[PDB]
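First, one chain by itself in structure tokens, the form deposited in one PDB entry.
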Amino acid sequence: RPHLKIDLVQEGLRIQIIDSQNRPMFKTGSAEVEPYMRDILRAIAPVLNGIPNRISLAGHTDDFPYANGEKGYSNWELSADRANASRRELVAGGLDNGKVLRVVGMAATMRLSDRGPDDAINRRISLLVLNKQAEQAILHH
């Protein structure tokens, strides 16, 4: 059973989804979120509604490339699709309108460092509960 890891960062609250068996939370090349991940995402949505802050959603991939592999569909499209896939699950969980400020596709640029040598663990999404400083930053860009 997967769990959320929530800790403080400069930009606010970072939320990571972590599986105990170090199992990838997405099938390779897939932006379909699994039933187990579905439940934990929908469950945290009312909590996010309580927190007056807005959120940023990020999608990630392993560094297994597509055939072209940046000319057409790539890890950029896939990571972005994973971000929005998690977004739709939060909404299904009852996430309020206007809670999302940003969806982000990171491809394989944000590599985890202490979660083992298997690159497949990077197939994931992450959440960021933005503080006022991070939000005002993003908005005035």
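Sequential numbering from 1, following the sequence displayed. Think of the rigid core as the biggest set of C-alphas that the two forms share within 1.5 Å after superposition.
In what follows, reference is made to the form deposited in another entry, a form of this protein that is not presented.
Identify which of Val91, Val47, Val104, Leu112 has its C-alpha displaced by 2 Å or more between the shown form and the other one once the rigid core is superposed.
Shifted by 2 Å or more: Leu112 only.
Determine, after fitting the two forms on their core, whether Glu11 shows a C-alpha shift of 2 Å or more between the shown form and the other one.
No; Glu11 is a residue whose C-alpha shifts by less than 2 Å between the shown form and the other one when the cores are overlaid.
Kindly check if the Cα atom of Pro35 is displaced 2 angstroms or more between the shown form and the other one relative to the superposed rigid core.
No, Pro35 moves less than 2 Å.
Align on the rigid core first; then say whether the Cα of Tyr66 has moved by at least 2 Å between the shown form and the other one.
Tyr66: C-alpha displaced by 2 Å or more between the shown form and the other one.
Closer or farther: how do the Cα atoms of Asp114 and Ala107 compare in that other deposited form versus the shown form, where the change is at least 3 Å?
Distance between the C-alphas of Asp114 and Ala107: shorter in that other deposited form, by 3 Å or more.
How does the C-alpha distance between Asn84 and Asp19 change in that other deposited form compared with the present structure, closer or farther, given a change of 3 angstroms or more?
Compared with the shown chain, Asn84-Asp19 is closer in that other deposited form.
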